[PDB]
$ cat start.pdb   # PDB, C-alpha atoms
ATOM      1  CA  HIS A 272       1.884   0.501   7.835  1.00  0.00           C
ATOM      2  CA  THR A 273      -1.126   2.055   9.554  1.00  0.00           C
ATOM      3  CA  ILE A 274      -4.629   1.140   8.376  1.00  0.00           C
ATOM      4  CA  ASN A 275      -7.255   3.871   8.070  1.00  0.00           C
ATOM      5  CA  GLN A 276     -10.516   1.929   8.263  1.00  0.00           C
ATOM      6  CA  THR A 277     -14.124   3.005   8.628  1.00  0.00           C
ATOM      7  CA  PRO A 278     -16.966   0.681   9.659  1.00  0.00           C
ATOM      8  CA  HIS A 279     -18.961  -0.814   6.804  1.00  0.00           C
ATOM      9  CA  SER A 280     -22.419  -2.336   6.525  1.00  0.00           C
ATOM     10  CA  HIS A 281     -23.882  -4.894   4.140  1.00  0.00           C
ATOM     11  CA  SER A 282     -27.233  -4.839   2.388  1.00  0.00           C
ATOM     12  CA  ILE A 283     -29.660  -7.687   2.968  1.00  0.00           C
ATOM     13  CA  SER A 284     -31.520  -9.547   0.233  1.00  0.00           C
ATOM     14  CA  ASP A 285     -34.808 -10.211   2.081  1.00  0.00           C
ATOM     15  CA  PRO A 286     -37.202 -12.374   0.073  1.00  0.00           C
ATOM     16  CA  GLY A 287     -40.786 -12.590   1.209  1.00  0.00           C
ATOM     17  CA  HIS A 288     -41.550 -15.250   3.800  1.00  0.00           C
ATOM     18  CA  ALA A 289     -45.026 -16.495   4.701  1.00  0.00           C
ATOM     19  CA  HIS A 290     -45.997 -18.489   7.779  1.00  0.00           C
ATOM     20  CA  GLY A 291     -48.990 -20.785   8.100  1.00  0.00           C
ATOM     21  CA  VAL A 292     -51.833 -21.162  10.568  1.00  0.00           C
ATOM     22  CA  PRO A 293     -53.055 -24.767  11.054  1.00  0.00           C
ATOM     23  CA  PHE A 294     -55.826 -23.998  13.566  1.00  0.00           C
ATOM     24  CA  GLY A 295     -58.928 -24.553  11.468  1.00  0.00           C
ATOM     25  CA  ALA A 296     -61.805 -25.978  13.457  1.00  0.00           C
ATOM     26  CA  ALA A 297     -63.952 -28.889  12.320  1.00  0.00           C
ATOM     27  CA  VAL A 298     -66.468 -28.721  15.195  1.00  0.00           C
ATOM     28  CA  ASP A 299     -67.923 -25.431  16.445  1.00  0.00           C
ATOM     29  CA  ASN A 300     -67.589 -26.421  20.132  1.00  0.00           C
ATOM     30  CA  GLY A 301     -64.804 -24.939  22.241  1.00  0.00           C
ATOM     31  CA  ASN A 302     -62.265 -22.200  21.584  1.00  0.00           C
ATOM     32  CA  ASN A 303     -59.302 -24.317  20.469  1.00  0.00           C
ATOM     33  CA  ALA A 304     -59.372 -23.428  16.756  1.00  0.00           C
ATOM     34  CA  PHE A 305     -61.113 -21.168  14.231  1.00  0.00           C
ATOM     35  CA  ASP A 306     -64.351 -21.978  12.430  1.00  0.00           C
ATOM     36  CA  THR A 307     -64.082 -22.291   8.661  1.00  0.00           C
ATOM     37  CA  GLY A 308     -65.815 -20.357   5.888  1.00  0.00           C
ATOM     38  CA  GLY A 309     -66.357 -20.329   2.157  1.00  0.00           C
ATOM     39  CA  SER A 310     -65.459 -17.039   0.463  1.00  0.00           C
ATOM     40  CA  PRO A 311     -62.312 -15.243   1.694  1.00  0.00           C
ATOM     41  CA  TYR A 312     -62.198 -11.455   1.929  1.00  0.00           C
ATOM     42  CA  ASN A 313     -59.726  -9.161   3.663  1.00  0.00           C
ATOM     43  CA  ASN A 314     -61.337  -8.228   6.983  1.00  0.00           C
ATOM     44  CA  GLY A 315     -58.235  -6.458   8.276  1.00  0.00           C
ATOM     45  CA  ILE A 316     -56.814  -9.100  10.631  1.00  0.00           C
ATOM     46  CA  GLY A 317     -53.047  -9.331  10.964  1.00  0.00           C
ATOM     47  CA  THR A 318     -50.627 -11.303  13.083  1.00  0.00           C
ATOM     48  CA  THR A 319     -48.704  -9.847  16.004  1.00  0.00           C
ATOM     49  CA  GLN A 320     -45.292  -8.152  15.970  1.00  0.00           C
ATOM     50  CA  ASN A 321     -42.212 -10.152  16.922  1.00  0.00           C
ATOM     51  CA  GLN A 322     -38.541 -10.000  15.998  1.00  0.00           C
ATOM     52  CA  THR A 323     -37.125 -12.807  13.908  1.00  0.00           C
ATOM     53  CA  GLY A 324     -34.177 -14.236  15.777  1.00  0.00           C
ATOM     54  CA  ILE A 325     -31.243 -14.137  13.364  1.00  0.00           C
TER
ATOM     55  CA  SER B 326     -29.281 -13.440   2.446  1.00  0.00           C
ATOM     56  CA  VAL B 327     -26.518 -10.884   2.984  1.00  0.00           C
ATOM     57  CA  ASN B 328     -25.154  -9.126  -0.088  1.00  0.00           C
ATOM     58  CA  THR B 329     -21.430  -8.796  -0.677  1.00  0.00           C
ATOM     59  CA  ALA B 330     -19.980  -5.490   0.500  1.00  0.00           C
ATOM     60  CA  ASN B 331     -16.601  -3.799   0.810  1.00  0.00           C
ATOM     61  CA  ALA B 332     -14.801  -2.906   4.022  1.00  0.00           C
ATOM     62  CA  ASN B 333     -13.921   0.711   3.242  1.00  0.00           C
ATOM     63  CA  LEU B 334     -10.329   0.953   4.460  1.00  0.00           C
ATOM     64  CA  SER B 335      -7.169   2.730   3.344  1.00  0.00           C
ATOM     65  CA  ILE B 336      -3.457   2.519   4.121  1.00  0.00           C
ATOM     66  CA  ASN B 337      -1.779   5.353   5.999  1.00  0.00           C
ATOM     67  CA  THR B 338       1.605   6.269   4.544  1.00  0.00           C
ATOM     68  CA  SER B 339       4.761   5.626   6.551  1.00  0.00           C
ATOM     69  CA  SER B 340       8.379   6.441   5.784  1.00  0.00           C
ATOM     70  CA  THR B 341      10.556   3.349   5.477  1.00  0.00           C
ATOM     71  CA  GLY B 342      13.425   2.966   7.907  1.00  0.00           C
ATOM     72  CA  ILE B 343      16.376   2.960   5.525  1.00  0.00           C
ATOM     73  CA  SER B 344      19.977   4.066   6.005  1.00  0.00           C
ATOM     74  CA  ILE B 345      23.196   4.037   3.989  1.00  0.00           C
ATOM     75  CA  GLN B 346      26.415   3.041   5.726  1.00  0.00           C
ATOM     76  CA  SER B 347      30.042   3.830   4.946  1.00  0.00           C
ATOM     77  CA  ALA B 348      31.815   2.965   1.712  1.00  0.00           C
ATOM     78  CA  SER B 349      35.151   3.696   0.060  1.00  0.00           C
ATOM     79  CA  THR B 350      35.467   4.862  -3.533  1.00  0.00           C
ATOM     80  CA  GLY B 351      38.162   2.195  -3.851  1.00  0.00           C
ATOM     81  CA  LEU B 352      40.826   4.196  -5.667  1.00  0.00           C
ATOM     82  CA  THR B 353      44.289   4.337  -4.124  1.00  0.00           C
ATOM     83  CA  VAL B 354      46.661   5.947  -6.665  1.00  0.00           C
ATOM     84  CA  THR B 355      46.415   8.779  -9.161  1.00  0.00           C
ATOM     85  CA  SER B 356      47.536   8.737 -12.796  1.00  0.00           C
ATOM     86  CA  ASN B 357      51.161   9.400 -13.697  1.00  0.00           C
ATOM     87  CA  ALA B 358      51.738  13.069 -14.576  1.00  0.00           C
ATOM     88  CA  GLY B 359      55.245  13.709 -15.860  1.00  0.00           C
ATOM     89  CA  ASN B 360      57.852  12.772 -18.460  1.00  0.00           C
ATOM     90  CA  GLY B 361      61.604  12.607 -18.023  1.00  0.00           C
ATOM     91  CA  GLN B 362      62.973  15.008 -20.628  1.00  0.00           C
ATOM     92  CA  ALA B 363      66.479  16.294 -21.228  1.00  0.00           C
ATOM     93  CA  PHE B 364      66.712  19.842 -19.896  1.00  0.00           C
ATOM     94  CA  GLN B 365      69.327  22.338 -21.071  1.00  0.00           C
ATOM     95  CA  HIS B 366      71.379  24.229 -18.476  1.00  0.00           C
ATOM     96  CA  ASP B 367      74.438  26.478 -18.746  1.00  0.00           C
ATOM     97  CA  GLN B 368      76.444  28.191 -16.034  1.00  0.00           C
ATOM     98  CA  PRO B 369      77.582  31.780 -16.648  1.00  0.00           C
ATOM     99  CA  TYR B 370      80.605  31.761 -18.915  1.00  0.00           C
ATOM    100  CA  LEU B 371      83.022  33.828 -20.970  1.00  0.00           C
ATOM    101  CA  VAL B 372      84.560  32.449 -24.165  1.00  0.00           C
ATOM    102  CA  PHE B 373      88.262  32.777 -25.000  1.00  0.00           C
ATOM    103  CA  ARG B 374      90.683  31.191 -27.474  1.00  0.00           C
ATOM    104  CA  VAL B 375      93.487  28.803 -26.517  1.00  0.00           C
ATOM    105  CA  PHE B 376      96.877  28.471 -28.213  1.00  0.00           C
ATOM    106  CA  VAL B 377      99.437  25.770 -27.470  1.00  0.00           C
ATOM    107  CA  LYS B 378     103.072  26.823 -27.737  1.00  0.00           C
ATOM    108  CA  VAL B 379     104.535  24.728 -30.552  1.00  0.00           C
TER
END
$ encode --input "start.pdb" --output "structure tokens"
Amino acid sequence: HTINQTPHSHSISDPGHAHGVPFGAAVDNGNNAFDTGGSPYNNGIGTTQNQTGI
Amino acid sequence: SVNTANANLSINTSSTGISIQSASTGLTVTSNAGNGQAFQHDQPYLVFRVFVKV
């Protein structure tokens, strides 16, 4: 018999993933890490764009 | 994760390759049709009387 087949695609089930940033400075000398602070507020800083390799 | 999905495919119809070869009905004789009955027959005739001289 001959098969009549069309391409199909699956749906993903993406759950949220969160990274971490360990570069919190303890001394305010140099540019290796980030100085710390007390009260967090959203100042509009986001990470860069890069494709997850899967 | 990737959700389960169906491969949308269908079967195309094809005609089966089928043939019928020779055969014999198997019968070899008929049924008897006839009965042997006495059948009356008379040639043309004329009827006289016979007398023997005493």
$ closest_residue --input "start.pdb" --among "A:287, A:324, A:318, A:273" --to "residue B:340" --atoms "all atoms listed in the file"
A:273
$ atom_distance --input "start.pdb" --atom1 "atom CA of residue A:282" --atom2 "atom CA of residue B:334"
18.0 Å
$ atom_distance --input "start.pdb" --atom1 "atom CA of residue A:290" --atom2 "atom CA of residue A:322"
14.0 Å
$ atom_distance --input "start.pdb" --atom1 "atom CA of residue B:341" --atom2 "atom CA of residue A:277"
24.9 Å
$ interface_residues --input "start.pdb" --of "chain A" --to "chain B" --cutoff "9 Å" --atoms "only C-alpha atoms" --output "PyMOL selection string"
chain A and resi 272-286
$ build_atoms --input "start.pdb" --residues "stretch 346-374 of chain B" --atoms "N, CA and C atoms" --output "PDB file, in the frame of the given file"
ATOM      1  N   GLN B 346      25.227   3.070   4.888  1.00  0.00           N
ATOM      2  CA  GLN B 346      26.415   3.041   5.726  1.00  0.00           C
ATOM      3  C   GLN B 346      27.640   3.453   4.913  1.00  0.00           C
ATOM      4  N   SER B 347      28.810   3.328   5.528  1.00  0.00           N
ATOM      5  CA  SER B 347      30.042   3.830   4.946  1.00  0.00           C
ATOM      6  C   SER B 347      30.467   3.000   3.744  1.00  0.00           C
ATOM      7  N   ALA B 348      31.221   3.639   2.855  1.00  0.00           N
ATOM      8  CA  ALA B 348      31.815   2.965   1.712  1.00  0.00           C
ATOM      9  C   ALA B 348      33.020   3.770   1.256  1.00  0.00           C
ATOM     10  N   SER B 349      33.951   3.082   0.606  1.00  0.00           N
ATOM     11  CA  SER B 349      35.151   3.696   0.060  1.00  0.00           C
ATOM     12  C   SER B 349      35.079   3.675  -1.457  1.00  0.00           C
ATOM     13  N   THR B 350      35.478   4.785  -2.078  1.00  0.00           N
ATOM     14  CA  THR B 350      35.467   4.862  -3.533  1.00  0.00           C
ATOM     15  C   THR B 350      36.373   3.816  -4.167  1.00  0.00           C
ATOM     16  N   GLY B 351      37.354   3.311  -3.427  1.00  0.00           N
ATOM     17  CA  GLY B 351      38.162   2.195  -3.851  1.00  0.00           C
ATOM     18  C   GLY B 351      39.468   2.571  -4.514  1.00  0.00           C
ATOM     19  N   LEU B 352      39.584   3.788  -5.032  1.00  0.00           N
ATOM     20  CA  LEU B 352      40.826   4.196  -5.667  1.00  0.00           C
ATOM     21  C   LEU B 352      41.910   4.443  -4.625  1.00  0.00           C
ATOM     22  N   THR B 353      43.155   4.200  -5.026  1.00  0.00           N
ATOM     23  CA  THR B 353      44.289   4.337  -4.124  1.00  0.00           C
ATOM     24  C   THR B 353      45.459   5.108  -4.708  1.00  0.00           C
ATOM     25  N   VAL B 354      45.583   5.202  -6.030  1.00  0.00           N
ATOM     26  CA  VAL B 354      46.661   5.947  -6.665  1.00  0.00           C
ATOM     27  C   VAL B 354      46.068   6.830  -7.752  1.00  0.00           C
ATOM     28  N   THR B 355      46.801   7.886  -8.083  1.00  0.00           N
ATOM     29  CA  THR B 355      46.415   8.779  -9.161  1.00  0.00           C
ATOM     30  C   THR B 355      47.000   8.260 -10.471  1.00  0.00           C
ATOM     31  N   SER B 356      46.920   9.065 -11.521  1.00  0.00           N
ATOM     32  CA  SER B 356      47.536   8.737 -12.796  1.00  0.00           C
ATOM     33  C   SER B 356      48.859   9.475 -12.927  1.00  0.00           C
ATOM     34  N   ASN B 357      49.842   8.807 -13.526  1.00  0.00           N
ATOM     35  CA  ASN B 357      51.161   9.400 -13.697  1.00  0.00           C
ATOM     36  C   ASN B 357      51.064  10.706 -14.471  1.00  0.00           C
ATOM     37  N   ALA B 358      51.737  11.739 -13.966  1.00  0.00           N
ATOM     38  CA  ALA B 358      51.738  13.069 -14.576  1.00  0.00           C
ATOM     39  C   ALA B 358      53.178  13.567 -14.619  1.00  0.00           C
ATOM     40  N   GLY B 359      53.871  13.276 -15.713  1.00  0.00           N
ATOM     41  CA  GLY B 359      55.245  13.709 -15.860  1.00  0.00           C
ATOM     42  C   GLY B 359      56.036  12.853 -16.825  1.00  0.00           C
ATOM     43  N   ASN B 360      56.984  13.468 -17.523  1.00  0.00           N
ATOM     44  CA  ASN B 360      57.852  12.772 -18.460  1.00  0.00           C
ATOM     45  C   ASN B 360      59.287  13.223 -18.239  1.00  0.00           C
ATOM     46  N   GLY B 361      60.215  12.272 -18.259  1.00  0.00           N
ATOM     47  CA  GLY B 361      61.604  12.607 -18.023  1.00  0.00           C
ATOM     48  C   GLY B 361      62.294  13.084 -19.282  1.00  0.00           C
ATOM     49  N   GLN B 362      62.447  14.398 -19.417  1.00  0.00           N
ATOM     50  CA  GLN B 362      62.973  15.008 -20.628  1.00  0.00           C
ATOM     51  C   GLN B 362      64.314  15.664 -20.348  1.00  0.00           C
ATOM     52  N   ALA B 363      65.213  15.584 -21.326  1.00  0.00           N
ATOM     53  CA  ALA B 363      66.479  16.294 -21.228  1.00  0.00           C
ATOM     54  C   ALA B 363      66.227  17.792 -21.135  1.00  0.00           C
ATOM     55  N   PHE B 364      66.925  18.438 -20.207  1.00  0.00           N
ATOM     56  CA  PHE B 364      66.712  19.842 -19.896  1.00  0.00           C
ATOM     57  C   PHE B 364      68.050  20.559 -19.993  1.00  0.00           C
ATOM     58  N   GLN B 365      68.083  21.643 -20.765  1.00  0.00           N
ATOM     59  CA  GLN B 365      69.327  22.338 -21.071  1.00  0.00           C
ATOM     60  C   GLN B 365      69.662  23.345 -19.977  1.00  0.00           C
ATOM     61  N   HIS B 366      70.923  23.357 -19.549  1.00  0.00           N
ATOM     62  CA  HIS B 366      71.379  24.229 -18.476  1.00  0.00           C
ATOM     63  C   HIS B 366      72.817  24.649 -18.737  1.00  0.00           C
ATOM     64  N   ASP B 367      73.101  25.935 -18.532  1.00  0.00           N
ATOM     65  CA  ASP B 367      74.438  26.478 -18.746  1.00  0.00           C
ATOM     66  C   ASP B 367      74.783  27.460 -17.641  1.00  0.00           C
ATOM     67  N   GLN B 368      75.933  27.248 -17.008  1.00  0.00           N
ATOM     68  CA  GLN B 368      76.444  28.191 -16.034  1.00  0.00           C
ATOM     69  C   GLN B 368      76.938  29.447 -16.742  1.00  0.00           C
ATOM     70  N   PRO B 369      77.022  30.572 -16.032  1.00  0.00           N
ATOM     71  CA  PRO B 369      77.582  31.780 -16.648  1.00  0.00           C
ATOM     72  C   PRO B 369      79.001  31.524 -17.130  1.00  0.00           C
ATOM     73  N   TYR B 370      79.328  32.073 -18.296  1.00  0.00           N
ATOM     74  CA  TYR B 370      80.605  31.761 -18.915  1.00  0.00           C
ATOM     75  C   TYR B 370      81.080  32.931 -19.761  1.00  0.00           C
ATOM     76  N   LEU B 371      82.385  32.938 -20.015  1.00  0.00           N
ATOM     77  CA  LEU B 371      83.022  33.828 -20.970  1.00  0.00           C
ATOM     78  C   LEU B 371      83.921  32.988 -21.864  1.00  0.00           C
ATOM     79  N   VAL B 372      83.920  33.290 -23.159  1.00  0.00           N
ATOM     80  CA  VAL B 372      84.560  32.449 -24.165  1.00  0.00           C
ATOM     81  C   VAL B 372      85.862  33.097 -24.612  1.00  0.00           C
ATOM     82  N   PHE B 373      86.952  32.339 -24.541  1.00  0.00           N
ATOM     83  CA  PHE B 373      88.262  32.777 -25.000  1.00  0.00           C
ATOM     84  C   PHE B 373      88.752  31.859 -26.122  1.00  0.00           C
ATOM     85  N   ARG B 374      89.995  32.081 -26.550  1.00  0.00           N
ATOM     86  CA  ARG B 374      90.683  31.191 -27.474  1.00  0.00           C
ATOM     87  C   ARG B 374      91.945  30.672 -26.804  1.00  0.00           C
TER      88      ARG B 374
END
